[PDB]
Amino acid sequence: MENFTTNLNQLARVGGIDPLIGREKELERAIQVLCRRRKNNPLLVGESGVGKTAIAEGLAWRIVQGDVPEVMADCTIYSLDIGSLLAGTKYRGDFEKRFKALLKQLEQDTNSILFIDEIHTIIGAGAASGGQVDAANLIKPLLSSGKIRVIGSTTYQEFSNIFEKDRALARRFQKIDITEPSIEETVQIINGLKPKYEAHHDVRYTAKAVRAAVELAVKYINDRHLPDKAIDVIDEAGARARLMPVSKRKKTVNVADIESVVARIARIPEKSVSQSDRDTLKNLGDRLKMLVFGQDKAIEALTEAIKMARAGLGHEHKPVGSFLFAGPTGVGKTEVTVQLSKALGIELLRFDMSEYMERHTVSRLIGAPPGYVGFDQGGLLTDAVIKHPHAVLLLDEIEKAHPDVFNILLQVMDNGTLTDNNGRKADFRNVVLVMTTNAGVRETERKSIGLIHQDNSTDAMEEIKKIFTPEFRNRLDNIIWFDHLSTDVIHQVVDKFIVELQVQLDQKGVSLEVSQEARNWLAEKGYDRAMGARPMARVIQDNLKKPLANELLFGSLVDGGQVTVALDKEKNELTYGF
Amino acid sequence: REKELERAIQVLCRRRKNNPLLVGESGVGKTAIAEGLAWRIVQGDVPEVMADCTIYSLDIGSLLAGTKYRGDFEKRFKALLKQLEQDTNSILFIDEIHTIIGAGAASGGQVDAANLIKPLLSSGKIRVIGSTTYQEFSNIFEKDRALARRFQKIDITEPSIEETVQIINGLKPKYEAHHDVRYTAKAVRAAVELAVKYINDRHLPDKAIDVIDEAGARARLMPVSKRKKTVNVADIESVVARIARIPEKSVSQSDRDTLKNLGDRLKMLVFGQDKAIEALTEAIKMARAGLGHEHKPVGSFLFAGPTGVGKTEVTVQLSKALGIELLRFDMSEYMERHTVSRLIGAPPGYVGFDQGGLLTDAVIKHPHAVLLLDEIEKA
Ligand SMILES: Nc1ncnc2c1ncn2[C@@H]1O[C@H](COP(=O)(O)OP(=O)(O)OP(=O)(O)O)[C@@H](O)[C@H]1O
Ligand SMILES: Nc1ncnc2c1ncn2[C@@H]1O[C@H](COP(=O)(O)OP(=O)(O)O)[C@@H](O)[C@H]1O
Ligand SMILES: Nc1ncnc2c1ncn2[C@@H]1O[C@H](COP(=O)(O)OP(=O)(O)O)[C@@H](O)[C@H]1O
Ligand SMILES: Nc1ncnc2c1ncn2[C@@H]1O[C@H](COP(=O)(O)OP(=O)(O)O)[C@@H](O)[C@H]1O
């Protein structure tokens with residue numbers, strides 16, 4: 001074992017092992033497990049950046065320091081990796097002999113403990129040099145009899161793939177749950193390692209830089225457990241400090257240098273790491289009021305709710321917001337969402353719920369079960385958010401979605417996340433969730449009976465309460481009701497449609513002047529509150545696009561030029577030559 | 001579990017479909033029985049039917065080790081079966097019978113190991129004792145008639161409280177010797193009595209024992225056994241709690257005062273409706289007092305009131321106050337008949353496959369829970 005197993009206690013004596021910071025209960029469990037007769041081989045099971053190996057080394061350090069009771073103090077912890085014994089590529093003549101030499105020496109020294117990092121290498125695996133399945137089988141009897149003790153190292157997902165599949169370990173080993181350290185501990189961990197970064201990069205880190213690397217990494221980097229996200233910031237700040245300033249050569253890394261690299265590591269703007277866009281948010285309501293007319297309270301409800309989320313009044317785990325838009329048709333409930341994403345400068349992820357009416361929607365939104373085509377997709381919903389965690393997400397006409405989609409949505413509204421079928425998760429915290437419904441368009445066309453008409457409208461949102469259950473409705477920030485639009489709105493709608501018509505005409509080299517009276521008339525001609533703004537697109541198409549198309553194709557407008565439309569005293573559209 | 005040993009024997013005594021299979025789940029003691037069958041033989045406590053028969057445990061590890069080539073796994077395995085077939089009244093015990101179904105110990109070894117056994121079972125050359133689980137049985141034996149019709153299904157269940165205490169006392173001296181400790185009568189009963197209250201997801205034979213092992217081991221590791229060799233119920237409480245985190249603070253408090261104090265604790269969180277919370281307290285006491293039947297619910301109460309008045313909050317506080325889970329369902333979502341089946345886990349219209357009932361699962365996972373059904377007039 002002389003050139004095969006690393007003595008961790010010796011590295012701790014040498015100084016190869018950095019003192020463990022915190023983790024007193026994790027170490028206590030490892031020793032509590034090691035001191036037992038059965039299930040007496042601990043497994044440090046976690047995720048990346050938790051330090052599970054650092055803890056195992058940390059235990060060897062405590063064994064050496066004598067911070068544990070003699071049962072374990074002065075025992076020897078050695079570590080086996082995939083570098084020394086896996087060199088037996090000439091097979092068993094090298095491998096079996098070196099492998100068994102360890103077992104025999106370790107069997108003789110019953111106060112010897114091995115640490116096996118990346119333990120999945122052997123458990124649930126066992127190849128390498130073609131020696132590890134039985135090498136594991138040759139360790140197991142000695143762990144059972146108490147001749148050799150073993151500390152493992154794995155992750156929660158690997159654990160279920162390797163431990164839960166082998167009863168030899170179920171009776172020999174015990175899981176210890178390893179999670180991330182505190183913020184303070186992370187800073188202390190950085191300070192322990194800091195000099196290594198300083199030495200590599202020829203930089204020096206301030207006290208504020210190390211505190212900030214941990215704090216800033218938490219605020220924006222969602223990739224790893226605290227030690228790793230903070231370290232990349234320190235290592236990146238260090239490196240940038242020695243690369244960028246060729247003409248300046250600053251060595252000291254301060255909070256400002258952390259802010260620059262965190263922004264880059266975290267995939268956010270160099271400004272936004274500290275300074276958010278206060279003004280795009282202040283101006284949101286007006287930019288939208290200029291595009292979707294008449295829905296002023298709806299825009300304000302949306303605008304204010306977003307600002308509250310952006311102002312930090314809400315929960316750090318939840319979506320930016322969640323709204324179910326409802327109202328009559330042709331009122332802008334989707335148009336405002338589309339314009340919302342543009343106004344905010346945020347990519348729009350759009351899912352049309354009509355495409356998900358079956359109970360197999362999940363197989364496409366989340367992903368197919370393993371063994372089926374499509375298991376490779378992480379889910380259309382989940383993948384879109386993972387690649388675009390900062391997004392406006394639209395679920396168009398949600399009342400048509402199959403009810404199973406609500407289990408997906410209820411989870412996101414409660415926890416801000418959604419896992420895929422491969423164990424990865426979407427982060428919806430920077431996603432604005434808007435879903436629209438036409439349950440609210442149900443109304444009648446029939447009037448009251450009598451000489452005098454009276455308003456016989458039904459109660460708003462009763463139809464929503466009958467479609468969406470309280471579980472789904474109580475998780476919304478709001479339900480934003482859109483009203484039928486008025487004739488004043490129509491005049492504004494006609495103006496934007498005339499402009500759109502002109503944009504199309506500009507591409508033909510044609511300038512169109514529509515008189516005010518022509519607009520006033522069309523606005524009146526096409527109005528129907530029941531169908532919202534739809535009809536206006538239609539009346540404009542019927543009265544202006546028809547004549548223009550005929551001229552653009554066969555007549556005077558074919559070459560580009562100036563066309564105008566006047567309203568007749570007789571309410572006809574009068575057109576110009578060119 | 002003497003009848004289990006006898007049942008395996010009655011199967012070994014048959015001429016066809018004469019290979020007993022011990023079918024269990026983790027912690028029931030199915031391995032212990034197989035060990036017990038070998039034990040009875042070594043002590044001569046067997047019928048002549050078995051004569052002086054030797055039960056051997058298939059060692060897939062040893063068959064694979066040092067080679068990992070199909071040719072060597074096979075010459076050793078086939079030689080094994082030949083020698084086992086040759087022994088008079090031979091019995092092959094296969095522990096982990098559900099794991100050799102692949103290739104013995106590993107891919108690269110004998111991929112046909114199950115296939116080499118099938119014909120001996122068919123001829124009855126070696127009586128074979130298997131060891132599988134309830135869940136694996138249908139994926140190992142029912143899977144292939146060459147085994148389904150060669151083995152008998154013997155259902156192994158967990159032992160009683162008293163039997164586990166006897167198991168602890170049987171093994172206790174080993175733990176006392178292993179960890180330089182002694183266990184009180186209360187400690188051995190407590191490892192059993194408390195494991196069944198706080199462990200929840202494992203059978204008693206392993207967990208009362210883990211608790212004994214850990215109390216001993218913990219006392220050896222900490223400077224306790226050096227002086228305080230004795231492990232009493234107090235040490236057991238710390239040990240079960242070590243993982244469960246319950247008994248060290250809640251193994252016993254008062255089964256009378258934690259109920260009386262319910263009336264007043266509810267008043268600290270929910271304000272007003274004092275009589276409603278007292279009525280619940282009274283009903284709970286009557287149930288605790290033993291007024292009712294073993295098949296009946298602890299209790300059932302309809303909470304009528306305005307919304308937003310804490311009907312839920314009282315229910316939440318009852319669950320917290322009583323140390324139990326809260327299960328919730330909204331009856332307005334169970335207004336239609338199909339959804340009703342989803343709730344029940346009725347043979348038709350259930351959830352998923354193993355997700356069957358929503359209510360059946362909720363009541364199985366959390367059997368001591370308080371179940372809240374909202375707005376039942378909409379059900
Ligand atoms: N309030 C509005 N102001 C200006 N233009 C509008 C308004 N509503 C709609 N429009 C225009 O009419 C068209 C239809 O709008 P939109 O797609 O948003 O309807 P909707 O809210 O989705 O209702 P539904 O889905 O039931 O049809 C769009 O091209 C849009 O530009
Ligand atoms: N208690 C600790 N003391 C010092 N450093 C720690 C501690 N815990 C974690 N770390 C740091 O976390 C890293 C080790 O964990 P790591 O190897 O990244 O886990 P994983 O293998 O799952 O990715 C090291 O950078 C280590 O310094
Ligand atoms: N009937 C029994 N009598 C005594 N000890 C038992 C009994 N059954 C199980 N045990 C012990 O409880 C632990 C788990 O039993 P085990 O045979 O491994 O079942 P499983 O592997 O299915 O969980 C073991 O330590 C075992 O020795
Ligand atoms: N009796 C009560 N004591 C304290 N808070 C209450 C009480 N009743 C209602 N509330 C509060 O009113 C809100 C709704 O109460 P809750 O029971 O959770 O939902 P529901 O309206 O369905 O009963 C909550 O903020 C709750 O705290």
Side-chain angles (χ1 to χ4, degrees), chain A residues 25 28-40 68-73 91-92 95-97 99-100 124-127 129-141 144 146 164-168 170-171 174-177 403-404 406-407 465-466 468-474, chain B residues 26-27 31 59-69 73 95-96 98-99 105-109 131 133 171 174-175 177-180 206 209-210 212-226 239 242-243 307 328-335 338-339 342 351 374-375 378:
Chain A
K25 68 182 182 182
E28 287 295 306
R29 185 58 177 163
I31 60 168
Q32 290 162 359
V33 173
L34 290 165
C35 69
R36 288 191 34 212
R37 176 67 183 84
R38 294 178 173 81
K39 299 183 185 177
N40 58 343
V68 300
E70 58 269 34
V71 170
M72 300 273 109
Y91 298 99
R92 301 297 80 75
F95 178 81
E96 182 178 2
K97 290 182 186 176
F99 172 68
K100 288 181 173 173
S129 64
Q132 292 180 324
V133 173
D134 52 324
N137 291 341
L138 294 168
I139 296 168
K140 286 172 181 176
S144 178
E164 294 179 15
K165 303 298 185 284
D166 186 340
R167 297 285 79 76
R171 298 179 185 180
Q174 173 66 56
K175 175 166 69 63
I176 302 173
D177 294 318
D404 289 349
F406 288 91
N407 289 337
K465 290 187 285 186
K466 293 176 182 179
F468 296 92
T469 64
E471 290 294 299
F472 169 88
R473 281 184 277 108
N474 291 337
Chain B
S26 176
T31 202
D59 186 347
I60 62 176
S62 292
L63 287 167
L64 186 68
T67 59
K68 296 194 300 307
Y69 296 95
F73 194 111
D95 206 331
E96 300 189 0
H98 60 290
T99 66
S107 298
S131 179
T133 67
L171 297 174
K174 293 178 181 180
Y175 292 110
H178 292 156
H179 304 302
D180 199 28
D206 184 1
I209 298 301
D210 286 350
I212 292 294
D213 186 16
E214 183 178 2
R218 180 189 60 81
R220 185 167 66 88
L221 180 62
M222 296 295 103
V224 177
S225 71
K226 289 180 176 181
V239 172
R242 181 60 188 94
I243 302 301
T307 65
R328 300 186 67 174
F329 299 90
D330 184 334
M331 294 303 101
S332 68
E333 296 186 317
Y334 299 105
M335 190 178 290
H338 184 73
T339 173
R342 294 183 181 277
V351 178
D374 283 309
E375 302 187 359
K378 293 182 181 174

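These numbers come from the heavy atoms of this one structure, side chains and all, not from hydrogens, waters or symmetry mates. Proteins get letters first, then strands, A, B, ... in listed order; numbering begins at 1 in each.
- With a 4.5 angstrom heavy-atom cutoff, B:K226 touches chain A only via side-chain atoms.
- When the candidates B:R218, B:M222, B:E214 are compared by the number of heavy-atom contacts under 4.5 Å with chain A, B:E214 comes out ahead.
- Every residue two or more places apart in sequence or in another chain that forms a side chain to side chain donor-acceptor pair (under 3.5 Å) with B:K68 is listed here: A:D134.
- For the set A:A136, A:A73, A:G131, A:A135, the entry with the most heavy-atom pairs within less than 4.5 Å of chain B is A:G131.
- At a 4.5 Å heavy-atom cutoff, the contact between A:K25 and chain B is made by backbone atoms alone.
- Of the inter-residue distances, the one linking B:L221 atom CG with A:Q32 atom CD reads 6.5 Å to the nearest 0.5 angstrom.
- Annotation: A:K165, atom NZ; neighbour count of heavy atoms from other residues, nucleotides and ligands within 6.0 Å is above 12.
- Counting only heavy atoms from C-beta outward, the side chains of A:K39 and B:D206 approach each other to under 4.5 Å.
- Of the residues considered (B:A106, B:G66, B:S62, B:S26), B:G66 shows the highest number of contacts with chain A, using heavy-atom pairs under 4.5 Å.
- A:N137 is listed as a side-chain neighbour of B:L64, based on a closest heavy-atom distance under 4.5 Å.
- At a threshold of 4.5 Å between non-hydrogen side-chain atoms, the residues B:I243 and A:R29 count as touching.
- At a threshold of 4.5 Å between non-hydrogen side-chain atoms, the residues B:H179 and A:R37 count as touching.
- Looking at B:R328, neither its backbone nor its side chain comes within 4.5 Å of chain A, counting heavy atoms on both sides.
- Interface remark: of the candidates A:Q174, A:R167, A:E471, A:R36, A:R36 forms the most heavy-atom pairs closer than 4.5 Å to chain B.
- In terms of modelled atom types and a separation under 3.5 Å, the side chain of B:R220 and the main chain of A:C35 share a donor-acceptor contact.
- The closest side-chain heavy-atom distance from A:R171 to B:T31 is below 4.5 Å.
- The two residues B:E333 and A:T469 have their closest heavy-atom pair at OE2-OG1, 2.7 Å.
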